[PDB]
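Lettering follows sequence order; numbering is per chain, from 1.
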2 protein chains.
Amino acid sequence: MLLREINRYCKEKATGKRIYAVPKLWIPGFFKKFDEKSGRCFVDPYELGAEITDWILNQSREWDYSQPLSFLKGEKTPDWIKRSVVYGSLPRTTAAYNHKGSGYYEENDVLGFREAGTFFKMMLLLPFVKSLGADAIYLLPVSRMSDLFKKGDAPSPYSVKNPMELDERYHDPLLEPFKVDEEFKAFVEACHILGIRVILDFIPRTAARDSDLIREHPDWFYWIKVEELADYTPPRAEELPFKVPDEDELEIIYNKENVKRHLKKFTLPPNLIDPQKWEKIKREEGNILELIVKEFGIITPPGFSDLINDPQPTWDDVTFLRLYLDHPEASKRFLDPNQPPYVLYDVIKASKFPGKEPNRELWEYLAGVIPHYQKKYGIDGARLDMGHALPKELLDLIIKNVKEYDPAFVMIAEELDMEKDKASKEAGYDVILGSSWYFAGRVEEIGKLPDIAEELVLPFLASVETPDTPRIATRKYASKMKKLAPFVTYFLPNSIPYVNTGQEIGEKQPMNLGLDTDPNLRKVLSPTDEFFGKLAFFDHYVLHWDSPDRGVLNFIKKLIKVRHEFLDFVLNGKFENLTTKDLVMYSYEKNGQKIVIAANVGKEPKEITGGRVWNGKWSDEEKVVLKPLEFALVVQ
Amino acid sequence: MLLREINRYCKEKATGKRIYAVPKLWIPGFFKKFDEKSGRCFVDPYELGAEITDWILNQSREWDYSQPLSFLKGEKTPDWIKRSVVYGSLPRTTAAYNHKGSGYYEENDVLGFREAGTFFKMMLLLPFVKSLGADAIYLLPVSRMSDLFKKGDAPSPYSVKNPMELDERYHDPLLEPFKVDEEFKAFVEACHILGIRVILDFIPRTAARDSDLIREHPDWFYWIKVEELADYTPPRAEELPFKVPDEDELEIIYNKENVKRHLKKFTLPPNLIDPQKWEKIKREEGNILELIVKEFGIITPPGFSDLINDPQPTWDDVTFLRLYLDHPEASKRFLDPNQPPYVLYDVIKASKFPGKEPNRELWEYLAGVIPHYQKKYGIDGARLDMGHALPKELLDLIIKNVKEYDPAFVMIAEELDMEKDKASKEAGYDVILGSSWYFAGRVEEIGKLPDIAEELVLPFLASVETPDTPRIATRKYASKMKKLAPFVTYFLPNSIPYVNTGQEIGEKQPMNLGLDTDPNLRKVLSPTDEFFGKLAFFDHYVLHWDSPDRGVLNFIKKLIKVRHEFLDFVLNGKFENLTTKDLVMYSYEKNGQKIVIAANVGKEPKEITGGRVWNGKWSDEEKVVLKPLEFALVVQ
């Protein structure tokens with residue numbers, strides 16, 4: 001058992017030399033071997049790793065933890081997600097920390113330590129995640145990442161250079177004798193022993209500009225003349241709305257002069273241009289894409305939105321995969337004979353404008369990426385990104401394959417529109433993402449959440465912030481909303497409590513400016529802060545473990561625990577909305593008993609029926625008076 | 001001739017393919033082969049390089065341009081600096097630009113281009129520098145740089161890993177067939193042909209933490225136990241002033257408990273600890289410092305200020321060189337027998353607390369670094385940093401060696417205090433740095449400059465901003481002061497007009513927060529600017545060539561040109577100060593003629609004698625009325 005091999009190894013290596021820095025919150029209650037100097041703590045990483053793996057191993061029995069927990073439990077349906085509490089993380093950021101204990105952060109330092117996040121450290125933190133009450137960890141893409149066309153000094157987990165491999169950067173030099181796929185397998189074993197499920201993320205429709213799949217399948221990508229790289233942009237048509245075009249508009253779009261110039265920028269794959277040259281380079285050392293640019297003067301195009309007239313820039317670190325061998329059926333009568341394969345709004349949304357020839361070989365590869373992870377590591381679920389673009393048959397196949405191996409596997413749809421619950425369920429998903437974080441952070445909008453949740457036909461991730469949005473700690477009335485918003489949101493019907501990495505310690509700086517974000521959030525930190533202006537998605541970033549918001553940490557822990565003490569009401573109690581202009585409120589009744597969730601978002605205080613009351617602490621009084629921005633859980 | 005070999009090469013390579021982006025200001029008037037799309041311009045770098053080197057080569061005669069211009073001119077004294085106009089630059093930043101022409105900047109891109117600055121590009125820009133009127137280029141350290149203990153993704157030119165080598169990063173991949181020392185030699189040839197002198201920068205007293213000199217001379221550095229790295233800081237003594245301690249204070253300092261704990265952190269060199277181990281590792285592949293840390297558990301200490309109680313942090317990317325074999329004489333009677341070599345305030349200022357045994361072998365090496373550049377490339381002068389710390393005999397030697405080879409060589413002292421002119425001249429320097437930029441940017445202080453300049457016994461670099469200070473474009477009343485400050489400063493007595501790279505196009509963002517800088521300057525750019533918050537000294541940064549302040553560019557060019565039209569008055573005319581509370585003003589008279597420099601820094605307008613008047617344009621009127629923040633050059 002790998003987790004045990006790593007334990008053995010740490011004991012051999014122990015020396016008692018404390019020079020590896022970690023934040024005080026990473027040190028569990030049972031660990032005592034550490035020095036405390038200047039605010040931070042120092043340890044022998046081998047002693048820390050040995051005592052923590054001991055703590056985890058001693059809770060195991062005699063089963064195989066390298067398979068889904070659904071197996072050890074005998075589950076045949078995905079009902080488990082409805083009783084779970086999710087902790088969302090980007091390993092690279094969550095586990096980063098300057099282990100030198102002085103000066104500036106470094107990807108790798110002179111003491112031999114990897115300061116960036118690793119699977120080994122993600123394991124040392126399991127006792128912390130567990131203390132938050134979470135029983136499932138969701139991770140952003142951890143597959144191999146491209147280092148071309150970056151925005152900052154770190155790649156985006158979303159430009160997948162190889163869907164079948166993990167990024168070697170997640171390997172920790174402290175465990176020299178081990179490989180990355182082992183460290184990860186050992187990580188998943190540790191989570192299972194502790195009762196913690198693992199959910200990964202994948203994006204089928206795209207790939208890095210220099211995807212590893214290019215050497216053996218150059219014809220799975222599109223190509224354009226290098227001299228056309230600089231001005232490659234999605235052809236606009238101002239007189240048309242800002243949306244994904246319908247059938248009628250295609251006839252107009254294809255008759256535009258700029259669209260016609262666009263279509264003319266594409267070429268045939270390097271293999272079909274010069275068979276001998278292809279075979280020469282294909283077998284050379286060096287980046288596949290640099291070689292092709294230099295030898296064929298062609299390159300893969302950057303991606304872009306499938307809505308015409310979208311003002312967002314082009315996605316330079318990714319390209320699209322060629323889903324069909326032929327061009328879209330509904331658009332063939334507009335093309336010139338001999339038109340090479342090209343990218344346009346319709347080609348991108350294959351779910352709406354498909355050709356008549358599925359690239360069967362690619363489709364099978366795609367449908368075997370998740371199963372590869374289920375069988376190899378025993379993961380319990382996954383989130384599928386950009387599903388809107390996949391043809392119904394390719395999606396039906398992707399799901400049949402994971403469900404065939406484990407009927408308890410949970411598929412999460414990257415669906416932000418809560419009204420698309422019905423269509424997501426019809427496609428075969430078990431959970432939708434939703435957008436509760438937008439209403440949760442606005443006193444004037446939070447009251448809409450109760451009715452929105454009740455109508456759902458699938459459960460959703462009840463969040464107050466995610467990796468793409470601003471932190472709850474920076475919304476209006478933060479000092480109050482950072483506690484009020486999660487209390488109201490985590491108790492909603494059909495909910496799956498979501499805790500974003502860093503939220504539990506009150507982090508302010510956003511990880512990315514994606515959804516509903518203001519460029520000025522880029523400067524919430526002090527200009528003397530080492531990480532001022534940095535965004536975790538494209539730059540090296542360490543969360544503020546040394547100066548945490550203890551008030552938020554302590555409240556999140558207690559809130560999750562009380563919410564779980566009443567899970568039965570949330571799941572099977574009859575819901576009744578009681579929300580007013582100035583009072584968000586609702587109730588659950590089950591077997592003669594009743595609980596009430598209440599929050600005052602008005603300008604004047606309000607009073608309500610009492611009983612046993614919770615608001616961070618338990619009290620007992622007949623009448624409860626809620627001043628503005630105060631909340632309570634009443635038990636009658 | 002290398003410059004000619006590079007020319008030949010560019011012509012062979014030319015192809016007419018325009019895909020390499022450069023800013024419109026980099027394209028000279030004679031060059032016509034370029035496409036202009038979206039604001040920027042595209043060219044075949046080989047055609048641009050061929051036509052520009054042709055333009056430079058055609059102005060040459062038959063002499064050897066790989067030696068100082070003083071030779072071709074027959075000069076025996078450093079009088080030339082007094083008639084010069086200096087352009088200051090950090091090559092890495094000055095010549096950086098995203099040659100892809102879209103997306104984000106990358107140290108090296110997929111088209112094969114190095115976007116960071118190179119000697120090749122510093123050559124293509126010579127026609128631009130020349131159009132500013134500059135005839136000498138000053139460069140910050142370009143020696144090999146350490147990549148350990150960095151603040152951002154780019155190293156500081158000041159942590160010298162090898163004083164005798166140039167950093168391989170200045171090589172341009174476009175010139176594959178050539179080596180870095182050639183490209184540089186060719187760069188210096190080009191400057192000489194054009195009449196442009198070259199001045200380099202060196203720091204004798206320090207070295208990178210992992211200096212290349214460690215393998216053959218481990219005993220030229222100091223060492224401390226790895227376990228003492230985290231808390232290594234300069235021992236404070238609050239009851240004492242914030243200054244470099246004198247003799248009496250040493251007796252007190254050495255009796256302090258924290259100082260004694262400090263002295264105990266040091267060890268003997270790795271060669272003297274385990275002779276066999278040293279010889280083993282010394283011959284291994286990999287970073288010398290990582291190897292020593294791992295094998296001897298010791299490391300070089302970070303540097304720090306020589307003034308006790310200084311609040312600035314420690315200098316982690318540099319360490320000090322062991323100048324004496326023994327400990328400081330005046331402090332031996334306070335040490336315990338067997339005290340290893342250690343770093344403290346007195347050891348750092350060797351000029352004041354010397355031992356009795358000079359490390360002769362190091363001293364000779366140090367005294368041969370500049371000559372190595374004079375003889376190998378033909379440089380014309382140099383700035384010596386941290387000269388305050390060098391023993392009088394080691395400095396006397398460093399100067400005798402450059403002056404012996406070229407008696408016309410100009411030595412520049414890194415002396416910010418204009419009252420230390422007399423002592424700098426006595427030490428053997430020809431120019432002092434000064435601090436005119438501080439007064440130049442404050443309407444209430446600028447009037448002091450006239451008297452300050454007149455008393456000098458050496459010329460100074462007349463600047464309104466430098467790499468370590470805020471940009472003139474961000475001081476109070478910027479829109480007016482960015483033109484008024486240089487006009488008043490460049491005409492001062494004993495002046496050497498200085499133009500900081502980026503100043504000529506009105507750059508705002510500082511390069512570093514060193515001298516007199518406010519952390520909030522870190523955010524003068526828009527939060528949507530690719531380089532928001534970045535500092536060129538430790539991060540990749542591209543100056544704003546695409547959105548330049550044309551008003552400042554045009555005025556700087558005309559100002560330098562008019563100042564040079566009257567150089568004779570500045571240099572040999574009798575000076576007379578006429579400054580008042582609200583009017584900075586002075587005159588030069590020579591052979592019955594007179595010129596007057598005037599600027600109104602008051603609240604009410606003022607009038608003065610007219611004649612022929614300059615203020616950006618020439619006019620003629622008997623009386624000149626100066627409103628607040630207006631200036632003029634009057635010729636009677």
Side-chain angles (χ1 to χ4, degrees), chain A residues 17-19 21 35 37-38 40 42 100-112 147-153 209-210 226-233 287 289-290 292-294 297 299 302 313-314 316-317 513 518-523 526-530 532-534 538-540, chain B residues 17-19 21 35 37-38 40 42 100-112 147-153 209-210 226-233 287 289-290 292-294 297 299 302 313-314 316-317 513 518-523 526-530 532-534 538-540:
Chain A
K17 198 63 186 54
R18 303 171 189 180
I19 62 161
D35 292 343
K37 297 179 287 190
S38 318
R40 42 194 60 74
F42 300 79
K100 298 187 284 292
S102 82
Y104 294 74
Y105 168 98
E106 282 171 290
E107 200 66 355
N108 296 283
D109 60 54
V110 89
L111 299 181
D147 279 274
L148 294 187
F149 296 110
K150 290 189 299 181
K151 297 191 192 182
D153 60 24
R209 291 298 276 297
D210 59 344
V226 159
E227 39 290 342
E228 296 293 339
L229 190 278
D231 290 16
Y232 182 84
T233 64
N287 183 274
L289 199 64
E290 285 181 48
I292 300 186
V293 167
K294 180 196 182 171
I299 187 170
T314 59
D316 294 8
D317 62 343
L513 304 173
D518 171 34
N520 286 316
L521 282 175
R522 204 170 176 315
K523 32 183 182 171
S526 165
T528 57
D529 187 310
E530 169 172 0
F532 175 74
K534 307 300 190 66
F538 331 100
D539 288 306
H540 294 144
Chain B
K17 198 63 186 54
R18 303 171 189 180
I19 62 161
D35 292 343
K37 297 179 287 190
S38 318
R40 42 194 60 74
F42 300 79
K100 298 187 284 292
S102 82
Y104 294 74
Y105 168 98
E106 282 171 290
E107 200 66 355
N108 296 283
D109 60 54
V110 89
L111 299 181
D147 279 274
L148 294 187
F149 296 110
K150 290 189 299 181
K151 297 191 192 182
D153 60 24
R209 291 298 276 297
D210 59 344
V226 159
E227 39 290 342
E228 296 293 339
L229 190 278
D231 290 16
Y232 182 84
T233 64
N287 183 274
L289 199 64
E290 285 181 48
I292 300 186
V293 167
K294 180 196 182 171
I299 187 170
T314 59
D316 294 8
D317 62 343
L513 304 173
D518 171 34
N520 286 316
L521 282 175
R522 204 170 176 315
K523 32 183 182 171
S526 165
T528 57
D529 187 310
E530 169 172 0
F532 175 74
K534 307 300 190 66
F538 331 100
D539 288 306
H540 294 144

Nearest heavy-atom approach of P527(B) to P519(A) is CB-O, 3.6 Å

Is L513(A) close to chain B through its backbone or its side chain, or both, or neither, when contacts mean heavy atoms under 4.5 Å?
neither

Does any heavy atom of chain B fall under 4.5 Å from the side chain of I19(A), the backbone, both, or neither of them?
side chain

Atom OH of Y232(B): over 12 foreign heavy atoms under 6.0 Å
yes

Could you report the tightest heavy-atom contact between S102(A) and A230(B), atom names first, then the distance?
CB-O, 3.7 Å

Give the intermediate values and the outcome of side chain to side chain contact (heavy atoms under 4.5 Å, CB included) for residues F149(B) and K100(A).
CA-CA 10 Å; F149(B) 296 110; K100(A) 298 187 284 292; 4.1 Å; yes

Among the listed options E290(A), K294(A), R522(A), the residue most often paired with chain B at heavy-atom distances under 4.5 Å:
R522(A)

Closest heavy-atom pair and its distance - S38(B), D231(A):
OG-OD1, 3.8 Å

Under 4.5 Å from a heavy atom of chain A, the part of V110(B) involved:
both

As an exercise, state the distance from CZ of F532(A) to NZ of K523(B), rounded to the nearest 0.5 Å.
5.0 Å

Ranking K37(A), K151(A), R40(A), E106(A) by heavy-atom pairs under 4.5 Å to chain B gives rank one to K151(A)

Between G103(A) and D316(B), what is the shortest heavy-atom contact and its length?
CA-OD2, 3.5 Å

